[PDB]
Amino acid sequence: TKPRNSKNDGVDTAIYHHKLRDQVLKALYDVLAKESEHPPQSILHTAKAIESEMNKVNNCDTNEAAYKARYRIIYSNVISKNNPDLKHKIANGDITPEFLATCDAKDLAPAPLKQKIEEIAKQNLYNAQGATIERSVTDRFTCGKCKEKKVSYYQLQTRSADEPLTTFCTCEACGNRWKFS
Amino acid sequence: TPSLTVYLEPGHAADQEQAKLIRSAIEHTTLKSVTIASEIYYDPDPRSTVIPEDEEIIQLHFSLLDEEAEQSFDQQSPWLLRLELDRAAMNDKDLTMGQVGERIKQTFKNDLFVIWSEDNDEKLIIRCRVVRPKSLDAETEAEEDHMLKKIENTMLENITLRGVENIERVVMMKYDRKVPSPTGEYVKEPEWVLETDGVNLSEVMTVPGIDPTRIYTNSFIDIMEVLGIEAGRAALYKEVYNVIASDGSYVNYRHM
Amino acid sequence: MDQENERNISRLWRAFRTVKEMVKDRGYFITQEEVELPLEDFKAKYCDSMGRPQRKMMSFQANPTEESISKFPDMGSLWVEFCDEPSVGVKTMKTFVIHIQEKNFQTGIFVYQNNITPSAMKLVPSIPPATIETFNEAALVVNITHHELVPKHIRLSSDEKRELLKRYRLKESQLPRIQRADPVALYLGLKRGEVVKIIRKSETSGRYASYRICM
Amino acid sequence: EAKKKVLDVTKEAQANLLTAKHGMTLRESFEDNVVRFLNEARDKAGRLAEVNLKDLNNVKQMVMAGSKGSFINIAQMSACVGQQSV
Amino acid sequence: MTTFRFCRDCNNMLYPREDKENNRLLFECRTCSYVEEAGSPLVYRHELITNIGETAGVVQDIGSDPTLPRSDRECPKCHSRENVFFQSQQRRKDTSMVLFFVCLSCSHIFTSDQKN
């Protein structure tokens, strides 16, 4: 019939005579009850529990900035239209108030955004690597430092053309380098 | 081509995660690098918009702004820095939207306020609206575009979200140290290091989470300025020996 | 508890430890336990109820050991004091100078946070024979002497300088030289005309000793 | 067989299936693969042709003594010249 | 995507202006008295990085270039097996090696990358 809210349901929101707490409770109760069929009494009790947890984990008079940040995070998660199921769970009680108190921003996202987040993290971790200079592998030259024949090579026409090509051999097991001409 | 090689702490050497945190904490990050569309748009009435995507973000902060913001509603510019921000670039530098986006930016000069969404929205949209007093002159107030294009350019170019200056790139690498094993012999042990592209040694040295006693650069003038003249001599010797011996030639130690 | 608070607290603690190391290296008497003071005790002592670092209570006076007095009879007590203001005013510098003078201290260490006004540093060389040296806070976070490329330096007495000069049969203008602004010279506080010995490793002989003069 | 390997890498890269290597562009990855394949082909052919030679070969005798030449010269005169670069 | 609008009088581009008493946007020509009513609050746009798919460029009469290679792939529309093929003609450094095929008969463009 009408959008359920604090004014529509006739539920008082002034219980702790705190202006900030009163208005944040009114807003969260309105947004929770607007699209929920659950009875309003348990919704009000859950609101009281979550606001009590917010107050007890962080005093507003000393950490008003962090209080506002946490309220904004939770409120934005509630209004988020991409994942309506959460407003069921908080109505159903599946998500505990302490979990919402302690949880980070990422976990409250739906599954597809979660998966995109891990994919992005993996791609970034791959893209932060440097150029791997993999050299030609061969087993003919003998290294003088560790004597492991896994010595890479590179040969070119660099010396004067009066003389043949020049080769440089680098041991990939110890780091030795030498030249043959 | 100046460069700088950073060796991490003994505890964080074998794990990639602390290494990537340090790499993010060193590289220079600026706003122009993190906006897929930092588009200058007309914002005549910031109260409502035609685009549905930003409409959802509208009511979030319009129910989440303080009384002072309600008073300052009229200060928001008739143009907008509408920031469609790339998710990948923002998450690469471990950059939280709210704290980094607004704390430092408003603290710097109290010049630009923002309506910003939580990272969960599919399109990360920030509304950067500069803040000016209403006491501005009539001729000044008429020339909205003239002030705001200039301040928008000075905004993109001259705001540093995180990092140290002059370091263009930082890159991860894996090296093979040789260490005495507990039984006494020498064994090969891998390690993670960070190689940059650009040198600023006075500030990289004090960043927590690295080894401040094994840092080195191929610019011996900086080492001379910071560490001393004997350190500069050792670095210069390493440079000369490297350039000579990279060709396989051998020259006795006394000459060099 | 914003992150910047503990970041600044940690950097300040680092600078305090580095300054203690420097004072110990200048020949004074500092216990090893005091150098290795954990940050928890530092927070307990030098922070108020709000966590603000109380720098003003960190000023302290140090005295030389028996060995340093024997090697340097002229060496005297030292005082170190921190400044809370972001920029040091003229009045603060004058007050510090007057305090040092009335304490009759031969040298003092004045650590400032961001900047010092030119009129403030006008008074630095005006109190002979006392010496006033300033150390920017951002440059004392990391100890320079603990790097791998920095060899170990030692200061030489007048007798040792004379004996070396005679034995090698030299005049002081022929030895290799080291500047004043050289970071290790500031660390050791070398004045004009003092000789510093260097001990170094060598591929050819193991250990090698060089000498330099402060010009 | 080296030519076939290079052709297969080209086919893979022309279908946007090839993956860029660590911190290094896709085009550079393709070029690196091609160069490495061709160089290994030349080296292996040279070593086969060198192993074939008898002990009464004069060039092999000079190379073994250590007076003039190396296995690269034998490879180019006998097996194949290789990849010209600039 | 902001579009330049020219005045109907002297072909000069229209500059924006505001109407405070009605609070509406208008486009005016600084040389004449022409004023026109703005249809959208979108007047200017400044993108930074271009997420543009690579384009084959000019296609008209491309089949008469005799230095362009050939292929026997089958047309997805007209079922012809003769066509011209070439790499992306935009010269960015980081462009991939994705081909482009132009059919000989129907002049249809397609690519070798059939991503769904």
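Which chain is which? They are A, B, C, D and E, in the order written, and residues in each are numbered from 1.
Definition applied: a residue touches a chain if its C-beta (ideal position, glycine included) is under 8 Å from a C-beta of that chain, and two chains touch if they have at least 3 such contacts.
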Of D-E and B-E, pair with higher C-beta contact tally: B-E
Per-chain CA centroid nearest to the all-protein CA mean: B
Chain C and chain E: spacing of chain centres that average the CA atoms, whole Å: 67
Chain C and chain D: spacing of chain centres that average the CA atoms, whole Å: 62
Euclidean distance of C-alpha centroids - chain A vs chain E, Å: 37
Distance between chain centroids, defined by C-alpha means - chain A, chain D (Å): 47
Junction residues of chain C, two or more chains touched: none
Chain D: positions in contact with at least two other chains: 23
Multi-partner residues of chain E (each touching 2 or more other chains): none
Pairs of chains in contact (touch as defined earlier), listed by label: A-B, A-D, B-C, B-E, D-E
Sites on chain E touched by chain D in the complex: 93-94, 96-99, 112-113, 115
Touching residues on chain C, where the partner in the complex is chain B: 10-11, 138-139, 141-142, 144, 146-151, 178-179, 182-184, 198, 200, 203-204
Chain A residues within the chain D interface of the complex: 126-132, 134, 136, 138, 140, 153, 155-156, 164-165, 167, 180
Interface residues, chain D side, partner chain E - complex: 13-16, 18, 25-27, 30
Chain E-facing residues of chain B, complex: 32, 35-45, 49-50, 78, 145
